[PDB]
Amino acid sequence: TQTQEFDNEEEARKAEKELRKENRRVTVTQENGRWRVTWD
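At position 9 of the sequence shown (counting the first as 1) the number is 9 in PDB author numbering, and the numbers step up by one without a gap.
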């Protein structure tokens, strides 16, 4: 469990699609904006 924030270039969505193929699981959360993808 590790909070990694990304750009607003939408490479957080790329990171969802990419890191899932290697990392345990990523959790994309734009709570009040700010693409905070917490990967395990």
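Don't be surprised by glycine CBs; every beta carbon is placed ideally from N, CA and C.
According to the DSSP secondary-structure assignment, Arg36 is paired through a beta bridge with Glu5 and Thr29. Taking C-alpha positions only, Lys21 is separated from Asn32 by approximately 27 Å. If the five residues before and after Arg34 are omitted, its C-beta is found closer than 8 Å to the C-beta atoms of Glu5, all from its own chain and listed in chain order. Per DSSP, the unbroken alpha helix (DSSP H) holding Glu16 starts and ends at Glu11 to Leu19.
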